[PDB]
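**Q** Here it is, the structure, as structure tokens.
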Amino acid sequence: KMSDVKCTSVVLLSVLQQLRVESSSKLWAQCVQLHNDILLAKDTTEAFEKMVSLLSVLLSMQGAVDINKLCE
Amino acid sequence: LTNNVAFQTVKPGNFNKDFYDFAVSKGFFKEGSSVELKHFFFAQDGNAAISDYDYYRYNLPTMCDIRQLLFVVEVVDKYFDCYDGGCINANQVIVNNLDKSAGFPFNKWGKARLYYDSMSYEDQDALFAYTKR
Amino acid sequence: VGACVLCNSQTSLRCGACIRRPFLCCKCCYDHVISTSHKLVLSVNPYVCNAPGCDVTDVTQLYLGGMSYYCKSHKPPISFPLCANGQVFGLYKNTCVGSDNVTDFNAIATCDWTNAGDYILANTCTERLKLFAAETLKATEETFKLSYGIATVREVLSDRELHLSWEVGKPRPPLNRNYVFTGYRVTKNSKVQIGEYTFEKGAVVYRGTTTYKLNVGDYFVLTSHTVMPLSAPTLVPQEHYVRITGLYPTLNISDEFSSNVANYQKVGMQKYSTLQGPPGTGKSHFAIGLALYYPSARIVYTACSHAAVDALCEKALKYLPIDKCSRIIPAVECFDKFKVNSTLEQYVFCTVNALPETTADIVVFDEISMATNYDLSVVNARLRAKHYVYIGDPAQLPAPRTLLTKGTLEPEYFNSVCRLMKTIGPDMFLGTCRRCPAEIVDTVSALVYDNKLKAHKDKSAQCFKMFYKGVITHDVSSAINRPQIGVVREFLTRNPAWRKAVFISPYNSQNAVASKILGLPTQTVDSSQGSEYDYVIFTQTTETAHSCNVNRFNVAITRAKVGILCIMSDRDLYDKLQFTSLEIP
Amino acid sequence: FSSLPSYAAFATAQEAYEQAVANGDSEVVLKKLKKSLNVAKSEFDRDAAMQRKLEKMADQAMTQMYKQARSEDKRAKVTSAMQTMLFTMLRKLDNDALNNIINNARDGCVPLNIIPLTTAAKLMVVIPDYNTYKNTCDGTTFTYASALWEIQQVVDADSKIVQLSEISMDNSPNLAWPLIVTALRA
Amino acid sequence: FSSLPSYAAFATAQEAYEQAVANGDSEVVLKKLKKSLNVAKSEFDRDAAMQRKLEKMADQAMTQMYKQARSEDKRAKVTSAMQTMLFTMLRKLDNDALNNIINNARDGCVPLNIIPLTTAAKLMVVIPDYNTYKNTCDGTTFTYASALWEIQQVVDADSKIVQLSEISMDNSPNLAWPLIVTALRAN
Ligand SMILES: [Zn+2]
Ligand SMILES: [Zn+2]
Ligand SMILES: [Zn+2]
């Protein structure tokens, strides 16, 4: 199951970069730290808290309309 | 050289979800498997190369045991005895790919194709002979 | 990769000689290339000869050799023509329909937009061809704006007056209100805007939105923009309902909007509705009583110009709550009493060019007369609505068509909505004129309103007309009738109260001379639309089609609240004027 | 390749040769029936050759330019493709922790910084209305990130501090609605 | 291949061939008829294989020599660009101080590393954290390389202005920390 975790972490950091979050040096540095931590982790529970931590960064912005994107 | 210090980073690397799903449907990437993802496209912060140059930091002025080193040179010289070489003129060079970068003060204007094909063979030979003194 | 503009068949071939580069199926593109001078076809990569130092680009002369294109000379031994078998080789070749007649597409893609027949065909062709013609017309207009020469500030004679030096080799655009310039200031290695300007003959008098202390080196250029391709039809297919759909009418309404209540109901009875509001009939009142009648409805008020949207906002401040109204402003001073750049309120006021992608319960498009099919397509693309209400008068002035030189544009050819209003008749009509005296109302009703416009006021006995040719003098881009100004002078001396009137003329130079001699406020008929005055003095100044146009004369004479004096040069409209004739002194 | 005139020439030649064989007439006459027959391939084996080359060669050109078309429109829609792929994967993962915040974000609740995982650090979460406050904030506790955060501060959108118990049903329409709640992890 | 001098040889040979074949005189006279055209079709083979192989070689020679011309033009382009870059970059040399030092050399040779250490009129320092900033660039002016330098401008990794009052111990964690500070050689 951790494979899905790492894959979605990869995609999430990809979309974060394409949202030009890199223009904030410290924010991008922390996100890169979180990504490198997830891919190197070996236990599944730590991965979940790290990925939600770095997803909070995405959800704090206003450049991705979540309600339209959550079409179910 | 410039008035600002540029900062370079790395990109996360892209994910092929189609092959991943096809693999998972084939009983892969499950728990307790001797096969597991251990190769990835990691990312870096705005300080990567400057965090790699402090690895050239690890080099120190070193003396070697001189007589032992001379004898080692003599013995190593034999492992390259079957080979042959020497200088060649500008007509005998063979280049794998010409579309590769040249360098700082050249990349700004073109690629190595342009420089090999702008100057003649005589100019190349002249530069080669210039570098010998 | 796209769809045929004539077949809707998927195809990735675009004509390289067309300015808009429309996707054309193999059969359609073949017919277009063989029947017109357009010999360039663009694909994922252009159909051009890949020979080093070759200029061949005619697709009828090219062959697919190797993985490339070549002419006869440069072709490799094994190749086939791209343009053969009545088709041009391309993509989705098996899935192709073709067209029996491509004459309309050829005419639209080959016309120079200088004939009235071009616009007539554009409004009478197919909807996809309507969008193609609108794109071509607006791109041609934008390109033609570039053909003019840059005017640079040589000398600053005074404030509001300038001296301009014109570029050699390029024509000088006319100095009127229909050509808005923008000023650029001299900097080190780039240029900066200093706002938008308009110019008139002084030396030249400049009217700027923002006042500066501009100096020598600043110049002015008519700003152009990118013309985006159109996908949405000018009109969504009509649907008529048996009950009011998506609307809940209020159970308590005031008498001020009572005369519209049942009419408002028909707004919810059909998918889109069209309104003809003669001057002084309460078009904005209708638009806002629609909101008050359906207080839970989500409404997008939109118009082409900022002034109409500002008028709608001014009415909204009068009747609509300020917290539920917001004005969209792109990143020109406009309405700034509603919150700026809010999309999710209950009432959004915006221009056509700045409309966000959103859904509404009702979309009200005010003053349909100035609209073009491009605006209709943009509105239909940005706004998804249960109901649309098109408000405006085909009897009023349309959008100016600069490239038009031959023929006159009839009101049925202004746009799709105007065409519907002038062929099948408007779904809604405001038949009571509260603005003009009964003489003016009767005149306009017998002129363009088919004797359907009724006067709320009685005859004021202050509507006068005079038949006086005068002397017509011409400037670079306008006309002047000084003897008519002298007649107005004599009338003012013999009637000093008329010094509170506003002088209206169809020519800007005529307005300049009238302001320099009479001192009265001066207005062009095009600018006067949307305004009202107590007393009006109008001089035709010519007998040309511009000054004799029925819509323009309607707009000019409907600006008066009490009295109007018409110094008329055309005998026809003078006899049509139901005014009290006066003798020349 | 059966729709070519040279196919008809081949058919005529072969019929003549078959008649010659079933007849056995002469030895020079059937030579003229093969002097003008084996050539009938010499003008049939090549007109059926360059067109056959053209068939597959055009095919290889159009498929490759299809491939470049797919490569050029593929990279023109990345900003939506990756984000849809991401959210499909997110919804597939089915974890309560991410689901809580994804619903909170879709309705009213987004943090103003990275949510910390230490038990000491601070978070600021915006509450738009009182309805989301009902679900999330219950007294001094704040349920978020599948965790509890003690409330030590809540301030409305015009920077005026407001105490905890001040908020309720009917007095809620008295404050700048986009509240920001400061909380500390338990 | 229709404007070749022998195309008339086909004309005459096949015209006579068809004429005497439709006439049908005899084989004794048809031998010369069917041998003249036989040697003719070979004549064309010679004088056509001598031509149709020439266009490919001429065409490829034009391709090669055209691309040679293009390369030669690019050579002039890069020559101009390189020389103008040298001349524009030399104009910054600040030709007063460097002359003083080079006059002081025994032969004129000076190690390159001291040219920007003694003659360069600007300094930029990159600082990783406030602690090291205190030791080097504290205050509105500092010293280095046996010279006094005065601060004018400070930015962060995001290349935005940050004021000297903003760099404190407590405010530090709110800044990007490859800080850039530029100073001018005071005199
Ligand atoms: Zn078609
Ligand atoms: Zn065309
Ligand atoms: Zn060519």
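Ordered as shown in the structure tokens, chains take letters A, B, and onward, while each chain numbers its residues from 1 and ligands are numbered from 1 in the order shown.
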Kindly compile the residues surrounding ligand 3 within 8 Å, counting only C-alpha atoms and all ligand atoms, and format them as a list in words.

**A** residues 49, 50, 51, 52, 53, 54, 55, 56, 70, 71, 72, 73, 74 and 75 of chain C

**Q** Please, could you write that set of residues out with N, CA, C and O atoms as a PDB file, in the first residue's frame?

**A**
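Saved result, part.pdb, follows:
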ATOM      1  N   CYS C  49       7.940  23.033 -48.554  1.00  0.00           N
ATOM      2  CA  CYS C  49       9.104  22.296 -49.012  1.00  0.00           C
ATOM      3  C   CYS C  49      10.218  22.383 -47.981  1.00  0.00           C
ATOM      4  O   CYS C  49      10.600  23.476 -47.553  1.00  0.00           O
ATOM      5  N   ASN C  50      10.735  21.228 -47.578  1.00  0.00           N
ATOM      6  CA  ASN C  50      11.836  21.155 -46.631  1.00  0.00           C
ATOM      7  C   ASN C  50      13.191  21.227 -47.322  1.00  0.00           C
ATOM      8  O   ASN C  50      14.214  20.919 -46.702  1.00  0.00           O
ATOM      9  N   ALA C  51      13.221  21.611 -48.593  1.00  0.00           N
ATOM     10  CA  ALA C  51      14.479  21.745 -49.294  1.00  0.00           C
ATOM     11  C   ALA C  51      15.255  22.945 -48.767  1.00  0.00           C
ATOM     12  O   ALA C  51      14.695  24.025 -48.568  1.00  0.00           O
ATOM     13  N   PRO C  52      16.548  22.775 -48.520  1.00  0.00           N
ATOM     14  CA  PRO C  52      17.383  23.919 -48.142  1.00  0.00           C
ATOM     15  C   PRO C  52      17.379  24.998 -49.214  1.00  0.00           C
ATOM     16  O   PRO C  52      17.756  24.745 -50.363  1.00  0.00           O
ATOM     17  N   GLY C  53      16.949  26.202 -48.848  1.00  0.00           N
ATOM     18  CA  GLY C  53      16.894  27.299 -49.796  1.00  0.00           C
ATOM     19  C   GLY C  53      15.861  27.157 -50.891  1.00  0.00           C
ATOM     20  O   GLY C  53      16.154  27.462 -52.051  1.00  0.00           O
ATOM     21  N   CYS C  54      14.658  26.700 -50.559  1.00  0.00           N
ATOM     22  CA  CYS C  54      13.561  26.622 -51.511  1.00  0.00           C
ATOM     23  C   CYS C  54      12.357  27.389 -50.978  1.00  0.00           C
ATOM     24  O   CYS C  54      12.137  27.468 -49.767  1.00  0.00           O
ATOM     25  N   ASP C  55      11.581  27.963 -51.897  1.00  0.00           N
ATOM     26  CA  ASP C  55      10.453  28.810 -51.536  1.00  0.00           C
ATOM     27  C   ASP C  55       9.097  28.207 -51.880  1.00  0.00           C
ATOM     28  O   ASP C  55       8.077  28.886 -51.715  1.00  0.00           O
ATOM     29  N   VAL C  56       9.049  26.961 -52.346  1.00  0.00           N
ATOM     30  CA  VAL C  56       7.778  26.371 -52.756  1.00  0.00           C
ATOM     31  C   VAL C  56       6.930  26.094 -51.522  1.00  0.00           C
ATOM     32  O   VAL C  56       7.373  25.430 -50.579  1.00  0.00           O
ATOM     33  N   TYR C  70       8.500  17.984 -50.224  1.00  0.00           N
ATOM     34  CA  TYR C  70       9.419  18.523 -51.221  1.00  0.00           C
ATOM     35  C   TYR C  70       8.668  18.972 -52.466  1.00  0.00           C
ATOM     36  O   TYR C  70       7.532  18.562 -52.709  1.00  0.00           O
ATOM     37  N   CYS C  71       9.320  19.826 -53.256  1.00  0.00           N
ATOM     38  CA  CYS C  71       8.800  20.198 -54.562  1.00  0.00           C
ATOM     39  C   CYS C  71       9.222  19.157 -55.598  1.00  0.00           C
ATOM     40  O   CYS C  71       9.803  18.119 -55.275  1.00  0.00           O
ATOM     41  N   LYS C  72       8.923  19.441 -56.870  1.00  0.00           N
ATOM     42  CA  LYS C  72       9.282  18.503 -57.930  1.00  0.00           C
ATOM     43  C   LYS C  72      10.793  18.329 -58.023  1.00  0.00           C
ATOM     44  O   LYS C  72      11.293  17.199 -58.076  1.00  0.00           O
ATOM     45  N   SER C  73      11.532  19.441 -58.048  1.00  0.00           N
ATOM     46  CA  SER C  73      12.987  19.384 -58.156  1.00  0.00           C
ATOM     47  C   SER C  73      13.621  18.602 -57.013  1.00  0.00           C
ATOM     48  O   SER C  73      14.438  17.708 -57.257  1.00  0.00           O
ATOM     49  N   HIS C  74      13.260  18.918 -55.770  1.00  0.00           N
ATOM     50  CA  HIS C  74      13.912  18.354 -54.596  1.00  0.00           C
ATOM     51  C   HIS C  74      13.269  17.052 -54.136  1.00  0.00           C
ATOM     52  O   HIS C  74      13.561  16.579 -53.033  1.00  0.00           O
ATOM     53  N   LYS C  75      12.401  16.472 -54.945  1.00  0.00           N
ATOM     54  CA  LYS C  75      11.778  15.315 -54.322  1.00  0.00           C
ATOM     55  C   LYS C  75      12.662  14.079 -54.449  1.00  0.00           C
ATOM     56  O   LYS C  75      13.389  13.921 -55.434  1.00  0.00           O
TER      57      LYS C  75
END

**Q** For ligand 2, list the contacting residues at 9 Å or closer, counting only C-alpha atoms and all ligand atoms, as a PyMOL selection string.

**A** chain C and resi 14-22+29+32-33+36-41+105-106+109-110

**Q** As a quick test: using only C-alpha atoms and all ligand atoms, which residues lie no more than 8 Å away from ligand 1? Give them as number ranges by chain.

**A** C: 4-9, 24-29, 96-99

**Q** Using N, CA, C and O atoms, can you write the selected residues to a file as a CSV table (one decimal), in the first residue's frame?

**A**
chain,number,residue,atom,x,y,z
C,4,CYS,N,-13.8,20.4,-39.0
C,4,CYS,CA,-14.1,21.2,-40.2
C,4,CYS,C,-15.1,22.3,-39.9
C,4,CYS,O,-16.1,22.1,-39.2
C,5,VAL,N,-14.8,23.5,-40.4
C,5,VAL,CA,-15.7,24.6,-40.2
C,5,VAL,C,-16.9,24.5,-41.1
C,5,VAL,O,-18.0,25.1,-40.9
C,6,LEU,N,-16.8,23.6,-42.2
C,6,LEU,CA,-18.0,23.4,-43.1
C,6,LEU,C,-18.6,22.0,-42.9
C,6,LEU,O,-19.8,21.9,-43.1
C,7,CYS,N,-17.8,21.0,-42.4
C,7,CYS,CA,-18.4,19.7,-42.2
C,7,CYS,C,-18.5,19.2,-40.8
C,7,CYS,O,-19.2,18.3,-40.5
C,8,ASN,N,-17.8,19.9,-39.9
C,8,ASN,CA,-17.6,19.5,-38.5
C,8,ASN,C,-16.8,18.1,-38.4
C,8,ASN,O,-16.7,17.6,-37.3
C,9,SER,N,-16.4,17.6,-39.5
C,9,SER,CA,-15.5,16.4,-39.5
C,9,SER,C,-14.2,16.7,-38.8
C,9,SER,O,-13.6,17.8,-39.1
C,24,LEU,N,-9.9,22.5,-41.9
C,24,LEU,CA,-10.6,22.2,-43.1
C,24,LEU,C,-10.4,20.7,-43.5
C,24,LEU,O,-9.3,20.3,-43.6
C,25,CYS,N,-11.5,20.0,-43.7
C,25,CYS,CA,-11.4,18.6,-44.0
C,25,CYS,C,-10.7,18.4,-45.4
C,25,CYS,O,-10.7,19.4,-46.2
C,26,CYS,N,-10.3,17.2,-45.7
C,26,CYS,CA,-9.6,17.0,-46.9
C,26,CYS,C,-10.3,17.5,-48.2
C,26,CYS,O,-9.8,18.2,-49.0
C,27,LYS,N,-11.6,17.1,-48.3
C,27,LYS,CA,-12.4,17.6,-49.4
C,27,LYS,C,-12.6,19.1,-49.3
C,27,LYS,O,-12.4,19.8,-50.3
C,28,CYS,N,-13.0,19.6,-48.2
C,28,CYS,CA,-13.2,21.1,-48.0
C,28,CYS,C,-11.9,21.8,-48.3
C,28,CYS,O,-11.9,22.9,-49.0
C,29,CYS,N,-10.8,21.4,-47.7
C,29,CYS,CA,-9.5,22.1,-47.9
C,29,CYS,C,-9.1,22.0,-49.4
C,29,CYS,O,-8.6,23.0,-49.9
C,96,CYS,N,-14.3,11.7,-43.7
C,96,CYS,CA,-14.4,13.0,-44.3
C,96,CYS,C,-15.7,13.0,-45.1
C,96,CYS,O,-16.2,12.1,-45.7
C,97,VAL,N,-16.4,14.2,-45.0
C,97,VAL,CA,-17.7,14.4,-45.6
C,97,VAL,C,-17.7,15.2,-46.8
C,97,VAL,O,-18.2,14.9,-47.9
C,98,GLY,N,-17.0,16.4,-46.8
C,98,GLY,CA,-17.0,17.3,-47.9
C,98,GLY,C,-18.2,18.2,-48.0
C,98,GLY,O,-19.3,17.9,-47.3
C,99,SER,N,-18.2,19.2,-48.8
C,99,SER,CA,-19.3,20.1,-49.0
C,99,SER,C,-19.6,20.2,-50.4
C,99,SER,O,-18.7,20.3,-51.3

**Q** Do you have, as CSV, the list of residues of chain C lying at most 7 Å from chain D, each with its nearest atom pair and that distance in Å to one decimal, counting only C-alpha atoms and ordered by chain then number?

**A**
residue,atom,partner,partner_atom,distance
C:44,CA,D:69,CA,6.1
C:67,CA,D:61,CA,5.3
C:78,CA,D:50,CA,6.9
C:79,CA,D:54,CA,6.6

**Q** For the structure I just gave you, how does DSSP split range 23-168 of chain E - specifically, which residues are alpha helix (DSSP H)? Reply as a VMD selection string.

**A** chain E and resid 23 27 to 49 54 to 90 97 to 103 115 to 118 130 to 137

**Q** Where does DSSP see strand (DSSP E or B) in chain D, if you list the residues as an MDAnalysis selection string?

**A** chainID D and resid 111 122:127 137:138 141:144 147:155 161:162 179:185

**Q** From the set C:414, C:108, C:77, C:179, which residue has the shortest atom-to-atom contact distance to chain E, counting only C-alpha atoms?

**A**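 Going through C:414, C:108, C:77, C:179 one by one, the smallest distance to chain E is for C:77.
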
**Q** Need the shell around residue 49 in chain A: protein/DNA/RNA residues with any atom at most 10 Å away, counting only C-alpha atoms. Skip same-chain ones fewer than 6 positions apart. Format as number ranges by chain?

**A** A: 38, 55; D: 97-98, 115-117, 145-146

**Q** Neighbours of range 23-39 of chain B within 12 Å (only C-alpha atoms; same-chain residues fewer than 6 positions away dropped), as a count of residues only?

**A** 18

**Q** Find the residues around residue 345 in chain C up to 10 Å (only C-alpha atoms counted), leave out those fewer than 5 positions away in its own chain, and share them as an MDAnalysis selection string.

**A** chainID C and resid 298:300 323:326 339

**Q** Could you turn the residues from that selection into a file that holds N, CA and C atoms, as a compact mmCIF listing (two decimals), in the first residue's frame?

**A**
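This went into result_11.txt:
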# COMPACT_ATOMS: atom_id res chain seq x y z
N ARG C 298 -29.94 34.36 -9.84
CA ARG C 298 -28.56 34.77 -10.07
C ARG C 298 -28.46 35.41 -11.45
N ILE C 299 -27.96 36.65 -11.50
CA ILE C 299 -28.03 37.45 -12.71
C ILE C 299 -26.66 38.03 -13.05
N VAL C 300 -26.30 37.89 -14.33
CA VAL C 300 -25.11 38.50 -14.91
C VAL C 300 -25.57 39.61 -15.85
N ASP C 323 -24.84 44.93 -1.17
CA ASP C 323 -24.03 43.80 -0.75
C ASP C 323 -24.10 42.64 -1.74
N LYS C 324 -25.15 42.56 -2.55
CA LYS C 324 -25.33 41.46 -3.49
C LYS C 324 -24.94 41.84 -4.92
N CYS C 325 -24.30 42.98 -5.11
CA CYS C 325 -23.88 43.43 -6.43
C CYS C 325 -22.37 43.65 -6.46
N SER C 326 -21.75 43.22 -7.56
CA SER C 326 -20.31 43.39 -7.71
C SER C 326 -19.96 43.67 -9.16
N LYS C 339 -18.42 46.13 -4.96
CA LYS C 339 -17.16 45.44 -4.69
C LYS C 339 -16.57 44.91 -5.99

**Q** Between CA of residue 135 in chain D and CA of residue 69 in chain A, what is the distance in Å, rounded to a tenth?

**A**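 CA of residue 69 in chain A lies 23.3 Å from CA of residue 135 in chain D.
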
**Q** Do you know which residues are at most 12 Å from residue 182 in chain D counting only C-alpha atoms, after dropping those on the same chain fewer than 4 positions away, and could you put them as an MDAnalysis selection string?

**A** chainID D and resid 111:113 115 121:127 137 140:142 149:156 161:164

**Q** Next, the residues of the selection above should be written as a short mmCIF file (atom, residue, chain, number, x, y, z; two decimals), in the first residue's frame with N, CA and C atoms.

**A**
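Saved the output as part14.cif:
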data_model
loop_
_atom_site.label_atom_id
_atom_site.label_comp_id
_atom_site.auth_asym_id
_atom_site.auth_seq_id
_atom_site.Cartn_x
_atom_site.Cartn_y
_atom_site.Cartn_z
N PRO D 111 -5.97 25.46 6.15
CA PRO D 111 -4.95 26.07 7.01
C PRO D 111 -4.23 27.21 6.29
N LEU D 112 -3.46 27.97 7.06
CA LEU D 112 -2.63 29.03 6.52
C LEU D 112 -1.15 28.68 6.50
N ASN D 113 -0.78 27.46 6.88
CA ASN D 113 0.60 27.02 6.84
C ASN D 113 0.61 25.50 6.80
N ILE D 115 0.71 21.93 8.14
CA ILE D 115 0.26 21.37 9.40
C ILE D 115 1.44 20.63 10.02
N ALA D 121 3.94 22.35 18.11
CA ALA D 121 3.84 23.46 17.17
C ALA D 121 2.42 23.98 17.00
N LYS D 122 2.27 25.04 16.20
CA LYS D 122 1.03 25.80 16.14
C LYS D 122 0.38 25.68 14.76
N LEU D 123 -0.95 25.82 14.72
CA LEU D 123 -1.70 25.84 13.46
C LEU D 123 -2.73 26.95 13.48
N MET D 124 -3.00 27.53 12.31
CA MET D 124 -4.06 28.51 12.11
C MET D 124 -4.98 27.99 11.02
N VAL D 125 -6.25 27.77 11.36
CA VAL D 125 -7.24 27.23 10.43
C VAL D 125 -8.39 28.22 10.30
N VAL D 126 -8.78 28.53 9.07
CA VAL D 126 -9.82 29.53 8.83
C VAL D 126 -11.18 28.84 8.85
N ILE D 127 -12.09 29.38 9.65
CA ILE D 127 -13.47 28.93 9.73
C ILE D 127 -14.34 30.00 9.09
N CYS D 137 -15.16 22.71 15.73
CA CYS D 137 -14.83 23.20 17.06
C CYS D 137 -15.94 22.85 18.04
N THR D 140 -13.14 23.82 23.80
CA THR D 140 -11.72 24.17 23.71
C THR D 140 -10.95 23.26 22.75
N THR D 141 -11.56 22.18 22.28
CA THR D 141 -10.90 21.23 21.40
C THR D 141 -11.23 21.54 19.95
N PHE D 142 -10.27 21.25 19.07
CA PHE D 142 -10.43 21.40 17.63
C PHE D 142 -10.04 20.08 16.98
N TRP D 149 -6.56 19.59 18.81
CA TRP D 149 -5.74 20.79 18.95
C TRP D 149 -6.44 21.72 19.94
N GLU D 150 -5.76 22.07 21.03
CA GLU D 150 -6.37 22.94 22.03
C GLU D 150 -6.46 24.36 21.49
N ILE D 151 -7.63 24.99 21.67
CA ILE D 151 -7.83 26.35 21.19
C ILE D 151 -7.28 27.33 22.21
N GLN D 152 -6.40 28.22 21.76
CA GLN D 152 -5.87 29.28 22.60
C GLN D 152 -6.16 30.67 22.05
N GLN D 153 -6.74 30.77 20.86
CA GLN D 153 -6.95 32.05 20.21
C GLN D 153 -7.89 31.87 19.03
N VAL D 154 -8.84 32.78 18.89
CA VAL D 154 -9.67 32.88 17.69
C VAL D 154 -9.97 34.35 17.44
N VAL D 155 -9.70 34.81 16.23
CA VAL D 155 -9.83 36.23 15.89
C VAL D 155 -10.51 36.36 14.54
N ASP D 156 -11.41 37.33 14.43
CA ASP D 156 -12.17 37.56 13.21
C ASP D 156 -11.31 38.27 12.17
N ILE D 161 -9.63 40.44 18.57
CA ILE D 161 -9.68 39.16 19.26
C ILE D 161 -11.07 38.93 19.83
N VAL D 162 -11.51 37.67 19.77
CA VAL D 162 -12.82 37.26 20.28
C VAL D 162 -12.59 36.01 21.12
N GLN D 163 -13.23 35.95 22.29
CA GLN D 163 -13.07 34.81 23.18
C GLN D 163 -13.82 33.60 22.63
N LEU D 164 -13.64 32.47 23.32
CA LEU D 164 -14.18 31.19 22.85
C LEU D 164 -15.70 31.15 22.96
#

**Q** Provide as a list in words the residues of chain A at most 8 Å from chain D, counting only C-alpha atoms.

**A**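 Using only C-alpha atoms, chain A residues at most 8 Å from chain D: residues 4, 5, 8, 11, 12, 14, 15, 18, 48, 49, 50, 52, 53, 54, 56, 57, 59, 60, 66, 67, 69 and 70 of chain A.
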
**Q** What is the distance between CA of residue 159 in chain E and CA of residue 173 in chain E, in Å to one decimal?

**A** 16.9 Å

**Q** In Å, rounded to a single decimal, give me how far CA of residue 302 in chain C is from CA of residue 232 in chain C.

**A**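 Going from CA of residue 232 in chain C over to CA of residue 302 in chain C covers 16.6 Å.
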
**Q** Residues of chain B no more than 12 Å from chain E, counting only C-alpha atoms: send them over as a list in words.

**A**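 Those within range of chain E come out as residues 1, 2, 3, 4, 5, 6, 7, 8, 45, 46, 47, 50, 51, 105, 106, 107, 108, 109, 110, 111, 113, 114, 115, 116, 117, 118, 119 and 120 of chain B.
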
**Q** Which residues of chain E come within 9 Å of chain C, and what is each one's closest atom pair and distance in Å (one decimal), counting only C-alpha atoms, sorted by chain and residue number, as a Markdown table?

**A**
| residue | atom | partner | partner_atom | distance |
| --- | --- | --- | --- | --- |
| E:59 | CA | C:74 | CA | 7.9 |
| E:63 | CA | C:52 | CA | 6.9 |
| E:66 | CA | C:52 | CA | 7.7 |
| E:67 | CA | C:52 | CA | 8.0 |

**Q** Selection from above, N, CA and C atoms, as an mmCIF file, in the first residue's frame, can you write it?

**A**
data_model
loop_
_atom_site.group_PDB
_atom_site.id
_atom_site.type_symbol
_atom_site.label_atom_id
_atom_site.label_comp_id
_atom_site.auth_asym_id
_atom_site.auth_seq_id
_atom_site.Cartn_x
_atom_site.Cartn_y
_atom_site.Cartn_z
ATOM 1 N N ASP E 59 22.455 18.031 -57.683
ATOM 2 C CA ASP E 59 21.579 18.446 -56.592
ATOM 3 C C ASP E 59 22.281 18.304 -55.245
ATOM 4 N N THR E 63 23.255 21.120 -52.435
ATOM 5 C CA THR E 63 22.953 21.012 -51.010
ATOM 6 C C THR E 63 24.205 21.215 -50.163
ATOM 7 N N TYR E 66 25.575 24.814 -50.436
ATOM 8 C CA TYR E 66 24.700 25.760 -49.751
ATOM 9 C C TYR E 66 24.879 25.679 -48.240
ATOM 10 N N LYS E 67 24.948 24.462 -47.688
ATOM 11 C CA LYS E 67 25.115 24.383 -46.238
ATOM 12 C C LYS E 67 26.506 24.856 -45.843
#
